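A.B. asks: Pasting in a structure now, in structure tokens, and then I'll have a few things to ask.
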Amino acid sequence: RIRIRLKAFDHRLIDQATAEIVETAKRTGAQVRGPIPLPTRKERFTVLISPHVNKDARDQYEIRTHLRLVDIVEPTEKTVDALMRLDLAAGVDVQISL
Amino acid sequence: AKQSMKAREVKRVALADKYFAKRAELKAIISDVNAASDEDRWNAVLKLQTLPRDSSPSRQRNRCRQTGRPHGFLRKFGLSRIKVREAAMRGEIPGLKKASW
Amino acid sequence: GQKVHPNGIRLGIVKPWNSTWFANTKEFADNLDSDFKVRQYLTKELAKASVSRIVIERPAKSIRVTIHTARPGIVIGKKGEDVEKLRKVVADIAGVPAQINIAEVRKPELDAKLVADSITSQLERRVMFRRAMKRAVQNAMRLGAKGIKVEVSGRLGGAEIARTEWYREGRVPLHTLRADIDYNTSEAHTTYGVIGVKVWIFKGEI
Amino acid sequence: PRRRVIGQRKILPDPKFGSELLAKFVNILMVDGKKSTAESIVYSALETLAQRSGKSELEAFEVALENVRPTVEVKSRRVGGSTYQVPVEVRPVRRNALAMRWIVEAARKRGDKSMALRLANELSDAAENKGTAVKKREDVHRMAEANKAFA
Amino acid sequence: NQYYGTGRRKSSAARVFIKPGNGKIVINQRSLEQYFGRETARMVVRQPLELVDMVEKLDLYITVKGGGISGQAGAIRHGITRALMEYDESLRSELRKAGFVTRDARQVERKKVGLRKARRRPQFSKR
Amino acid sequence: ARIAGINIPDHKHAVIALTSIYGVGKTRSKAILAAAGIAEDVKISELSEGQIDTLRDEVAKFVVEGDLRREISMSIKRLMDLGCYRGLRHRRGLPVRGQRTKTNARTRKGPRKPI
Amino acid sequence: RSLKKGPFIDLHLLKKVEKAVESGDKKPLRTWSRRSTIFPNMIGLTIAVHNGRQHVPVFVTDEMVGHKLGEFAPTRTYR
RNA sequence: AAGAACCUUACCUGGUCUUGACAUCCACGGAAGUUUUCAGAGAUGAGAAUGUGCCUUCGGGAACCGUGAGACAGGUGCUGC
RNA sequence: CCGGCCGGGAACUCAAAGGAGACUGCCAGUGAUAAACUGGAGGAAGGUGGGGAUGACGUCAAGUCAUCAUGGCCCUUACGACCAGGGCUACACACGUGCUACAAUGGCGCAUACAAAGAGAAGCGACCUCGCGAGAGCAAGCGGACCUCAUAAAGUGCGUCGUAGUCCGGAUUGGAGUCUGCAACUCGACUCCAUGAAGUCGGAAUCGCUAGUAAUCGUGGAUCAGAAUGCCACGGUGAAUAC
Ligand SMILES: [Mg+2]
Ligand SMILES: [Mg+2]
Ligand SMILES: [Mg+2]
Ligand SMILES: [Mg+2]
Ligand SMILES: [Mg+2]
Ligand SMILES: [Mg+2]
Ligand SMILES: [Mg+2]
Ligand SMILES: [Mg+2]
Ligand SMILES: [Mg+2]
Ligand SMILES: [Mg+2]
Ligand SMILES: [Mg+2]
Ligand SMILES: [Mg+2]
Ligand SMILES: [Mg+2]
Ligand SMILES: [Mg+2]
Ligand SMILES: [Mg+2]
Ligand SMILES: [Mg+2]
Ligand SMILES: [Mg+2]
Ligand SMILES: [Mg+2]
Ligand SMILES: [Mg+2]
Ligand SMILES: [Mg+2]
Ligand SMILES: [Mg+2]
Ligand SMILES: [Mg+2]
Ligand SMILES: [Mg+2]
Ligand SMILES: [Mg+2]
Ligand SMILES: [Mg+2]
Ligand SMILES: [Mg+2]
Ligand SMILES: [Mg+2]
Ligand SMILES: [Mg+2]
Ligand SMILES: [Mg+2]
Ligand SMILES: [Mg+2]
Ligand SMILES: [Mg+2]
Ligand SMILES: [Mg+2]
Ligand SMILES: [Mg+2]
Ligand SMILES: [Mg+2]
Ligand SMILES: [Mg+2]
Ligand SMILES: [Mg+2]
Ligand SMILES: [Mg+2]
Ligand SMILES: [Mg+2]
Ligand SMILES: [Mg+2]
Ligand SMILES: [Mg+2]
Ligand SMILES: [Mg+2]
Ligand SMILES: [Mg+2]
Ligand SMILES: [Mg+2]
Ligand SMILES: [Mg+2]
Ligand SMILES: [Mg+2]
Ligand SMILES: [Mg+2]
Ligand SMILES: [Mg+2]
Ligand SMILES: [Mg+2]
Ligand SMILES: [Mg+2]
Ligand SMILES: [Mg+2]
Ligand SMILES: [Mg+2]
Ligand SMILES: [Mg+2]
Ligand SMILES: [Mg+2]
Ligand SMILES: [Mg+2]
Ligand SMILES: [Mg+2]
Ligand SMILES: [Mg+2]
Ligand SMILES: [Mg+2]
Ligand SMILES: [Mg+2]
Ligand SMILES: [Mg+2]
Ligand SMILES: [Mg+2]
Ligand SMILES: [Mg+2]
Ligand SMILES: [Mg+2]
Ligand SMILES: [Mg+2]
Ligand SMILES: [Mg+2]
Ligand SMILES: [Mg+2]
Ligand SMILES: [Mg+2]
Ligand SMILES: [Mg+2]
Ligand SMILES: [Mg+2]
């Protein structure tokens, strides 16, 4: 089957990464469910903004980690080899799982 | 934050990775409820002090990499609260925009 | 201090992140330190080469560095010899491979780092701070700017008391989030002390 | 508010006695946002009131609330310079709300045993006007009647 | 056949189905009497079934998760009013004028930085 | 209603009655009535004399009243004779379990004094 | 109190006591180990514990056993 | 101070070190390391074994280690007027 | 076998993306032939819908030289540097900010209800056994809408105490322990047992708060070997009043 899960920080970089990996699989050797979303992890941080005193004043930050799934339901020979050695898309982590 | 305080911290990291990331068997495995409870368990805690005072990972303060500040640390970035701010709003920590909800 | 960093507020919206890579929580901190180690080194080595910003990417254990610069000839040198010298030393401290690319900038007077560093360089050679500042403001407006604020804080001209003085010409809306604003700072280490040089450059509405 | 004339929020009817008058009484009686504990007390009080008085609940609560109701209360304004006691005709929305406070305020004191017992005894004394809540209205009238000279 | 309405008062999210038959109200496989006990108002779910009468007309299979008691009970109220769409606009003329179909957005405000909880400031020392 | 040294309560449940004994608390008292085979819900007035004699032998197992008071007085007096940190803490009249002594410590130090 | 895996004494103090006891009574032992407990074999010795600025002599008795050495060496002086 | 048992720790007491814990060099001797013993509170000092590699101008290397020599390194010392 | 367990299903919750939508746009009236505004339609939402981020010129020679950078001035067998302890935790006293109280809308038992937001690989650690309990073994699973910390507590429903310094308070002390950690006495946290202090709503004063707000009950995270009543977030029940 091969559940392909991939995640990134930018919401509109991962979209074309999920579109290209599906298209280099759907077209080349059939079968795909789709871009399954999953919940976004929002790791927040609340650092003191000044170098000394002034506890009230802080800045708040976050890093939206956007997950995505693919899910194919047949181990095709054209598709399985296209996943390996043919990903690219920088700033987008990917983890194929059999 | 004192080059000496930064330079003594590199001993604590290097010397800990040598001994106790390997020789935790002396405390963990030997000091245990089993047949080695008699003189073997006594010789463990006896021999555990023969080691240097440093090596214990609890003796590492965990200070900022750029400056060396002890307080205001964050484990995700490995930086002080000051340098993470300066780096965040600048373009160095990926995906770290200003939050508001 | 009371003003938000203009680059930082616009990181999601208009401006891009310079360090563009994903990492899991374990590696993230060490990956961010090596990112700083090259940035600190590469800026100090390529001082005369005139670098605006350094974009770093990390697709599957391969550090693609990108050097946005005004003078691309000085960075490469003769037959791309200095690129190979940079490739080697950067790759050691960072993390295995290296892919140094160089993006030229035909309008060097519109990038905030270059104007600030130019003003910084002039202040260190005993030039009048007004003659350096107002000349930079006047220079970039003729080319294709719509704003250009330039602040200079510190001692300036060997004064006893420190003053802050700024000269802008046009629309520089810091509150407009849609507005593209190149902001950058640089310190001028003179005999009297440090002199800060904040530069805003409003280019486009969107 | 200085020039911000905005109306008030709507309230809900109580399930077992679907109305409004006693729905407010629950809210004034309530502490720490515990409407579950407070509403159980008011039903327990009005069921024990209706047993003794020989009436319903709404009309029993009314012939009690009207007997602790202020017609006029006392403000203090300084128009010109000096501070004197000016009585004023209370508004009909606040009128019954100000009465419901004086019942509950009296029932905080007068430590009988339970809250349901104390309210039932306070509203029973209010029906035969001889409690603490009627005395607090009586004193407020004495200010308005005595300080009637000030318009 | 089987009409539907959502309702999601305050974090809680109801899921009301409605069919013409018996007068009973099922909810998470429990009865309405036993699920919502003495808390404040059981009959907030039956409030919308008053201007439009239930009695023994419409059976309600409901499911809800999120929030607490009144969050769920209020979500079922909104869910039923949304679900009552079988006689489109004939019902919603009278139903809207007593509130009901209004979502009632008001969610819990976030804790502000520096403040002790949302609006509560700490205290004040003036020497 | 006269077990151990003192214990003379009335119109009080058996579990709460035995808290009045020095050396017997809430949980100990449930262990007494569990071993004796007596209900916690009853009171001493309701109980018979045939049941009270079983409580006397049950509390005789645990150290209570003057036996306990001397055991505590001995242990405190021991510490002071050694001249250890805790003994100095005891005789000086200051808190023992590493507590804050600057702002608070009013229980051990006593009420406020002039300067 | 802590520690059920043997009462704790420093290697150096254990060997110094074992060497002192077998030989005989002599003089106050300079020891900085306040953390170290007191064994039964330490009874008789007048070991000198470090208060912080100087060494306080402590004649070890039958009661001084389960207690640690720093208990008999007040650090902070008051009045 | 987004958390002082040692560490942190900037302070005190006593022990101690002067190209120093951290750096590039001019160059003397060694792979780096690893196991393990003794005196000492520990810093330290004294050893005893083993191992003896990536290129040969092979009087050398590229790292690492420990000496003598100075350019010096270092300062949470003062000055936010 | 009767648990979304099961095939399976793509409606719904939800998860994400990308779009619709609220603009005084429509409606009347007051108005200066304006800008507006006052009510009124519809609408999920109504006049910046709620909340956040966003902080003008400049003020206080405001704070920071101890985060970092830094001009001078200063120290160099020392104000530099390594180590063992001690100290930052001292205590006639004074104030600040909290928390827990003083109870019966409560306390205590035995039942059972319904959340959200997080977090986790020298990690979070089931399930089973040992434990009165902190915890101790064995170890399942999860770099996670999969596994785990994790039964939310208020709240119902029955019981029992009946206004007592109390079955309120839970301080303080003695003893017996637990984990972490080379090491718990100065100086940790938690548990068990016994102990059971002040306190019965607080002088002059005085603080916050305008709706899912105050109030009250849980919960998480960051720093962190261990060490929150702080801080930063999260969601329950849910008011009064604004003439
Ligand atoms: Mg602000
Ligand atoms: Mg420095
Ligand atoms: Mg153990
Ligand atoms: Mg630590
Ligand atoms: Mg400023
Ligand atoms: Mg300034
Ligand atoms: Mg700001
Ligand atoms: Mg705000
Ligand atoms: Mg606060
Ligand atoms: Mg809240
Ligand atoms: Mg005051
Ligand atoms: Mg203040
Ligand atoms: Mg004042
Ligand atoms: Mg107890
Ligand atoms: Mg404590
Ligand atoms: Mg103390
Ligand atoms: Mg003295
Ligand atoms: Mg020290
Ligand atoms: Mg000294
Ligand atoms: Mg000093
Ligand atoms: Mg200043
Ligand atoms: Mg300044
Ligand atoms: Mg000043
Ligand atoms: Mg959704
Ligand atoms: Mg108009
Ligand atoms: Mg007109
Ligand atoms: Mg017109
Ligand atoms: Mg309207
Ligand atoms: Mg309308
Ligand atoms: Mg308006
Ligand atoms: Mg709008
Ligand atoms: Mg708004
Ligand atoms: Mg604005
Ligand atoms: Mg000042
Ligand atoms: Mg100052
Ligand atoms: Mg400095
Ligand atoms: Mg200073
Ligand atoms: Mg300097
Ligand atoms: Mg000079
Ligand atoms: Mg000099
Ligand atoms: Mg302090
Ligand atoms: Mg403490
Ligand atoms: Mg006081
Ligand atoms: Mg309580
Ligand atoms: Mg979750
Ligand atoms: Mg479980
Ligand atoms: Mg368990
Ligand atoms: Mg179980
Ligand atoms: Mg376990
Ligand atoms: Mg997660
Ligand atoms: Mg599951
Ligand atoms: Mg927890
Ligand atoms: Mg209860
Ligand atoms: Mg309960
Ligand atoms: Mg009382
Ligand atoms: Mg008293
Ligand atoms: Mg109690
Ligand atoms: Mg008592
Ligand atoms: Mg009160
Ligand atoms: Mg009062
Ligand atoms: Mg008063
Ligand atoms: Mg007063
Ligand atoms: Mg006030
Ligand atoms: Mg307001
Ligand atoms: Mg709370
Ligand atoms: Mg908790
Ligand atoms: Mg945690
Ligand atoms: Mg906490």
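Quick note on naming: the chains in the structure tokens go A, B, ... in the order shown, residues restart at 1 in each chain, and ligands are numbered from 1 in order of appearance.
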DSSP on the backbone, then: every residue of chain E marked helix (DSSP H, G or I), written as an MDAnalysis selection string.
C.D. replies: chainID E and resid 32:35 48:51 70:83 88:96
A.B. asks: Restricting it to N, CA and C atoms, dump the selection as a PDB file, in the first residue's frame.
C.D. replies:
ATOM      1  N   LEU E  32     -33.099  11.480  27.676  1.00  0.00           N
ATOM      2  CA  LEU E  32     -32.921  12.913  27.935  1.00  0.00           C
ATOM      3  C   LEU E  32     -33.044  13.263  29.420  1.00  0.00           C
ATOM      4  N   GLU E  33     -33.916  12.545  30.130  1.00  0.00           N
ATOM      5  CA  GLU E  33     -34.123  12.759  31.566  1.00  0.00           C
ATOM      6  C   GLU E  33     -32.871  12.426  32.382  1.00  0.00           C
ATOM      7  N   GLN E  34     -32.259  11.280  32.083  1.00  0.00           N
ATOM      8  CA  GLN E  34     -31.085  10.797  32.823  1.00  0.00           C
ATOM      9  C   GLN E  34     -29.756  11.436  32.396  1.00  0.00           C
ATOM     10  N   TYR E  35     -29.641  11.835  31.127  1.00  0.00           N
ATOM     11  CA  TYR E  35     -28.408  12.450  30.611  1.00  0.00           C
ATOM     12  C   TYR E  35     -28.204  13.854  31.182  1.00  0.00           C
ATOM     13  N   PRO E  48     -37.068  25.147  21.750  1.00  0.00           N
ATOM     14  CA  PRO E  48     -37.421  25.288  20.327  1.00  0.00           C
ATOM     15  C   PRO E  48     -38.654  24.486  19.910  1.00  0.00           C
ATOM     16  N   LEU E  49     -38.926  23.392  20.622  1.00  0.00           N
ATOM     17  CA  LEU E  49     -40.132  22.593  20.429  1.00  0.00           C
ATOM     18  C   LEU E  49     -41.269  23.105  21.328  1.00  0.00           C
ATOM     19  N   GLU E  50     -41.699  24.341  21.068  1.00  0.00           N
ATOM     20  CA  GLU E  50     -42.817  24.986  21.784  1.00  0.00           C
ATOM     21  C   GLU E  50     -43.636  25.878  20.850  1.00  0.00           C
ATOM     22  N   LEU E  51     -42.962  26.807  20.171  1.00  0.00           N
ATOM     23  CA  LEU E  51     -43.585  27.595  19.099  1.00  0.00           C
ATOM     24  C   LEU E  51     -44.008  26.660  17.959  1.00  0.00           C
ATOM     25  N   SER E  70     -24.237  23.006  29.772  1.00  0.00           N
ATOM     26  CA  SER E  70     -24.993  24.048  29.081  1.00  0.00           C
ATOM     27  C   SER E  70     -24.425  24.335  27.694  1.00  0.00           C
ATOM     28  N   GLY E  71     -23.132  24.075  27.508  1.00  0.00           N
ATOM     29  CA  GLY E  71     -22.518  24.102  26.184  1.00  0.00           C
ATOM     30  C   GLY E  71     -23.166  23.097  25.246  1.00  0.00           C
ATOM     31  N   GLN E  72     -23.353  21.872  25.737  1.00  0.00           N
ATOM     32  CA  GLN E  72     -24.032  20.818  24.978  1.00  0.00           C
ATOM     33  C   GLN E  72     -25.531  21.065  24.859  1.00  0.00           C
ATOM     34  N   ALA E  73     -26.163  21.446  25.965  1.00  0.00           N
ATOM     35  CA  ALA E  73     -27.606  21.724  25.984  1.00  0.00           C
ATOM     36  C   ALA E  73     -27.992  22.887  25.064  1.00  0.00           C
ATOM     37  N   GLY E  74     -27.176  23.939  25.071  1.00  0.00           N
ATOM     38  CA  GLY E  74     -27.343  25.072  24.164  1.00  0.00           C
ATOM     39  C   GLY E  74     -27.033  24.734  22.717  1.00  0.00           C
ATOM     40  N   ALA E  75     -26.095  23.811  22.504  1.00  0.00           N
ATOM     41  CA  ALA E  75     -25.757  23.333  21.157  1.00  0.00           C
ATOM     42  C   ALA E  75     -26.873  22.492  20.550  1.00  0.00           C
ATOM     43  N   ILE E  76     -27.552  21.721  21.392  1.00  0.00           N
ATOM     44  CA  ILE E  76     -28.711  20.941  20.972  1.00  0.00           C
ATOM     45  C   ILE E  76     -29.880  21.865  20.611  1.00  0.00           C
ATOM     46  N   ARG E  77     -30.029  22.978  21.333  1.00  0.00           N
ATOM     47  CA  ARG E  77     -31.048  23.986  21.008  1.00  0.00           C
ATOM     48  C   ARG E  77     -30.835  24.556  19.607  1.00  0.00           C
ATOM     49  N   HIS E  78     -29.601  24.969  19.319  1.00  0.00           N
ATOM     50  CA  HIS E  78     -29.241  25.481  17.990  1.00  0.00           C
ATOM     51  C   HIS E  78     -29.362  24.393  16.922  1.00  0.00           C
ATOM     52  N   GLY E  79     -28.921  23.181  17.256  1.00  0.00           N
ATOM     53  CA  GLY E  79     -29.025  22.028  16.363  1.00  0.00           C
ATOM     54  C   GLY E  79     -30.447  21.671  15.960  1.00  0.00           C
ATOM     55  N   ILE E  80     -31.381  21.766  16.906  1.00  0.00           N
ATOM     56  CA  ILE E  80     -32.800  21.491  16.641  1.00  0.00           C
ATOM     57  C   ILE E  80     -33.425  22.572  15.750  1.00  0.00           C
ATOM     58  N   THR E  81     -33.108  23.838  16.019  1.00  0.00           N
ATOM     59  CA  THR E  81     -33.635  24.959  15.225  1.00  0.00           C
ATOM     60  C   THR E  81     -33.119  24.914  13.782  1.00  0.00           C
ATOM     61  N   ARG E  82     -31.844  24.555  13.626  1.00  0.00           N
ATOM     62  CA  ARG E  82     -31.247  24.297  12.310  1.00  0.00           C
ATOM     63  C   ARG E  82     -31.882  23.071  11.648  1.00  0.00           C
ATOM     64  N   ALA E  83     -32.123  22.029  12.445  1.00  0.00           N
ATOM     65  CA  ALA E  83     -32.767  20.798  11.969  1.00  0.00           C
ATOM     66  C   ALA E  83     -34.212  21.011  11.522  1.00  0.00           C
ATOM     67  N   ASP E  88     -39.447  24.832   5.572  1.00  0.00           N
ATOM     68  CA  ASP E  88     -38.476  25.936   5.376  1.00  0.00           C
ATOM     69  C   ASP E  88     -38.709  27.260   6.142  1.00  0.00           C
ATOM     70  N   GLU E  89     -39.414  28.217   5.534  1.00  0.00           N
ATOM     71  CA  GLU E  89     -39.505  29.594   6.049  1.00  0.00           C
ATOM     72  C   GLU E  89     -40.766  29.877   6.881  1.00  0.00           C
ATOM     73  N   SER E  90     -41.732  28.955   6.874  1.00  0.00           N
ATOM     74  CA  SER E  90     -42.954  29.094   7.679  1.00  0.00           C
ATOM     75  C   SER E  90     -42.683  29.046   9.186  1.00  0.00           C
ATOM     76  N   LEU E  91     -41.673  28.270   9.580  1.00  0.00           N
ATOM     77  CA  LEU E  91     -41.297  28.104  10.987  1.00  0.00           C
ATOM     78  C   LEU E  91     -40.328  29.198  11.443  1.00  0.00           C
ATOM     79  N   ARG E  92     -39.347  29.515  10.593  1.00  0.00           N
ATOM     80  CA  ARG E  92     -38.268  30.459  10.938  1.00  0.00           C
ATOM     81  C   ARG E  92     -38.690  31.933  11.083  1.00  0.00           C
ATOM     82  N   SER E  93     -39.900  32.289  10.645  1.00  0.00           N
ATOM     83  CA  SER E  93     -40.458  33.629  10.897  1.00  0.00           C
ATOM     84  C   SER E  93     -40.760  33.851  12.384  1.00  0.00           C
ATOM     85  N   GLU E  94     -41.412  32.868  13.008  1.00  0.00           N
ATOM     86  CA  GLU E  94     -41.734  32.906  14.444  1.00  0.00           C
ATOM     87  C   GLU E  94     -40.548  32.487  15.321  1.00  0.00           C
ATOM     88  N   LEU E  95     -39.732  31.562  14.816  1.00  0.00           N
ATOM     89  CA  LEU E  95     -38.599  31.005  15.566  1.00  0.00           C
ATOM     90  C   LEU E  95     -37.465  32.012  15.780  1.00  0.00           C
ATOM     91  N   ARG E  96     -37.176  32.819  14.757  1.00  0.00           N
ATOM     92  CA  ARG E  96     -36.096  33.813  14.833  1.00  0.00           C
ATOM     93  C   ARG E  96     -36.401  34.968  15.786  1.00  0.00           C
TER      94      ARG E  96
END
A.B. asks: Within 9 Å of residue 29 of chain G, counting only C-alpha atoms (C1' of nucleotides), which residues show up once you throw out same-chain ones fewer than 4 positions away? Write them as a ChimeraX atom specification, please.
C.D. replies: /G:16-17,20,45-49,57
A.B. asks: Please check the contacts: residues of chain B at most 9 Å away from chain H, using only C-alpha atoms (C1' of nucleotides), listed as a count of residues only.
C.D. replies: 21
A.B. asks: Which residues, written as a count of residues only, have at least one atom at most 12 Å from residue 201 of chain I, with only C-alpha atoms (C1' of nucleotides) counted and residues fewer than 6 positions away on the same chain left out?
C.D. replies: 3
A.B. asks: For the atom pair atom CA of residue 18 of chain E and atom CA of residue 101 of chain E, what is the interatomic distance in Å to one decimal place?
C.D. replies: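 Atom CA of residue 101 of chain E lies at a distance of 16.6 Å from atom CA of residue 18 of chain E.
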A.B. asks: Leaving out segment 70-85 of chain F and any residue of its chain fewer than 5 positions from it, which residues lie within 8 Å of it when counting only C-alpha atoms (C1' of nucleotides), given as a PyMOL selection string?
C.D. replies: (chain F and resi 90-91) or (chain G and resi 63-64+71-74) or (chain I and resi 174+185-186)
A.B. asks: Could you give me the residues within 10 Å of ligand 16, counting only C-alpha atoms (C1' of nucleotides) and all ligand atoms, as an MDAnalysis selection string?
C.D. replies: (chainID F and resid 94:102 105) or (chainID I and resid 89:91 186:187)
A.B. asks: I'd like the neighbourhood of residue 39 of chain G as a list in words, where a residue qualifies if any of its atoms comes within 12 Å (using only C-alpha atoms (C1' of nucleotides)), though same-chain residues fewer than 5 positions away should be ignored.
C.D. replies: residues 6, 7, 8, 9, 10, 13, 14, 17, 18, 21, 44, 45, 60, 61, 62, 63, 64, 65, 66, 67, 68 and 69 of chain G
A.B. asks: Considering only C-alpha atoms (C1' of nucleotides), tabulate each residue of chain B that lies at most 8 Å from chain I along with its nearest interatomic pair and the corresponding distance in Å to one decimal; arrange the rows by chain and ascending residue number and present them as CSV.
C.D. replies:
residue,atom,partner,partner_atom,distance
B:1,CA,I:67,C1',7.3
B:4,CA,I:81,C1',7.9
B:21,CA,I:122,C1',7.3
B:45,CA,I:182,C1',7.5
B:48,CA,I:182,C1',5.6
B:49,CA,I:182,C1',5.3
B:51,CA,I:182,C1',8.0
B:53,CA,I:182,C1',7.1
B:56,CA,I:182,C1',7.6
B:57,CA,I:225,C1',7.7
B:58,CA,I:225,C1',5.6
B:67,CA,I:68,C1',6.1
B:68,CA,I:67,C1',7.8
B:69,CA,I:67,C1',5.8
B:72,CA,I:223,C1',7.6
B:73,CA,I:223,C1',7.0
B:74,CA,I:223,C1',7.5
B:80,CA,I:67,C1',7.7
B:82,CA,I:67,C1',6.7
B:83,CA,I:67,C1',8.0
B:98,CA,I:53,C1',7.5
B:99,CA,I:53,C1',7.4
B:100,CA,I:52,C1',5.0
B:101,CA,I:52,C1',5.5
A.B. asks: Please produce a file of those selected residues containing C-alpha atoms, as a JSON list (two decimals), in the first residue's frame.
C.D. replies:
[["chain", "number", "residue", "atom", "x", "y", "z"],
["B", 1, "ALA", "CA", 28.97, 35.56, 29.54],
["B", 4, "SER", "CA", 35.93, 30.89, 31.26],
["B", 21, "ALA", "CA", 26.78, 7.95, 28.55],
["B", 45, "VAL", "CA", 28.27, 3.58, 45.16],
["B", 48, "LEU", "CA", 30.82, 5.83, 41.71],
["B", 49, "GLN", "CA", 32.74, 8.58, 43.61],
["B", 51, "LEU", "CA", 34.91, 9.06, 39.00],
["B", 53, "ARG", "CA", 32.77, 15.22, 40.12],
["B", 56, "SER", "CA", 27.09, 13.80, 35.74],
["B", 57, "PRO", "CA", 24.70, 15.29, 33.14],
["B", 58, "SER", "CA", 22.94, 17.12, 36.02],
["B", 67, "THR", "CA", 26.33, 34.27, 23.95],
["B", 68, "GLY", "CA", 26.60, 31.81, 26.87],
["B", 69, "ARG", "CA", 23.70, 33.11, 29.00],
["B", 72, "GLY", "CA", 16.31, 32.44, 29.65],
["B", 73, "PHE", "CA", 17.12, 29.25, 27.72],
["B", 74, "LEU", "CA", 14.94, 27.37, 25.19],
["B", 80, "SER", "CA", 18.67, 32.54, 24.95],
["B", 82, "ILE", "CA", 17.23, 37.52, 23.64],
["B", 83, "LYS", "CA", 19.09, 35.92, 20.71],
["B", 98, "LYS", "CA", 4.65, 36.40, 15.42],
["B", 99, "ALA", "CA", 1.72, 34.49, 16.91],
["B", 100, "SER", "CA", -1.70, 35.97, 17.62],
["B", 101, "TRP", "CA", -4.90, 34.02, 18.37]]
A.B. asks: Using only C-alpha atoms (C1' of nucleotides) and a cut-off of 8 Å, which residues of chain C sit close to chain I? Please list them as a ChimeraX atom specification.
C.D. replies: /C:2-3,175,190-194
A.B. asks: Print the selection's residues with N, CA, C and O atoms to a file, as a short mmCIF file (atom, residue, chain, number, x, y, z; two decimals), in the first residue's frame.
C.D. replies:
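What ended up in part28.cif:
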data_model
loop_
_atom_site.label_atom_id
_atom_site.label_comp_id
_atom_site.auth_asym_id
_atom_site.auth_seq_id
_atom_site.Cartn_x
_atom_site.Cartn_y
_atom_site.Cartn_z
N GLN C 2 10.29 50.80 21.02
CA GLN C 2 8.85 50.67 20.95
C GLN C 2 8.32 50.29 19.57
O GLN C 2 7.11 50.33 19.38
N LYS C 3 9.18 49.91 18.63
CA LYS C 3 8.75 49.62 17.27
C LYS C 3 9.11 48.20 16.91
O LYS C 3 10.23 47.74 17.16
N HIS C 175 3.21 50.53 9.46
CA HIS C 175 2.00 49.86 9.95
C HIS C 175 1.28 49.02 8.90
O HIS C 175 0.56 48.09 9.25
N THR C 190 33.47 53.47 15.31
CA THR C 190 34.38 54.61 15.18
C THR C 190 35.27 54.74 16.42
O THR C 190 35.12 53.99 17.38
N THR C 191 36.21 55.68 16.36
CA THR C 191 37.09 56.00 17.50
C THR C 191 36.32 56.49 18.74
O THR C 191 36.71 56.18 19.86
N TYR C 192 35.25 57.25 18.51
CA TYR C 192 34.42 57.78 19.60
C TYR C 192 33.48 56.74 20.20
O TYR C 192 33.13 56.84 21.37
N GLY C 193 33.06 55.76 19.39
CA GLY C 193 32.15 54.72 19.86
C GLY C 193 31.43 54.03 18.72
O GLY C 193 31.95 53.93 17.61
N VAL C 194 30.22 53.55 19.02
CA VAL C 194 29.38 52.87 18.03
C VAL C 194 28.35 53.87 17.51
O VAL C 194 27.90 54.75 18.25
#
A.B. asks: List the spatial neighbours of residue 32 of chain H as a PyMOL selection string - criterion: any atom at most 9 Å away, only C-alpha atoms (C1' of nucleotides), same-chain residues fewer than 4 positions off excluded.
C.D. replies: chain H and resi 53+63-65
A.B. asks: Find the distance between atom CA of residue 67 of chain C and atom CA of residue 104 of chain C and write it in Å to one decimal.
C.D. replies: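 Computing it gives 8.6 Å between the two atoms.
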A.B. asks: Hey, which residues sit close to ligand 65? Say within 12 Å, counting only C-alpha atoms (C1' of nucleotides) and all ligand atoms, and write them as a ChimeraX atom specification.
C.D. replies: /E:116-117 /I:99,153,216-220,229,233-235
A.B. asks: How many Å lie between atom CA of residue 1 of chain E and atom CA of residue 52 of chain E, rounded to one decimal?
C.D. replies: 18.7 Å
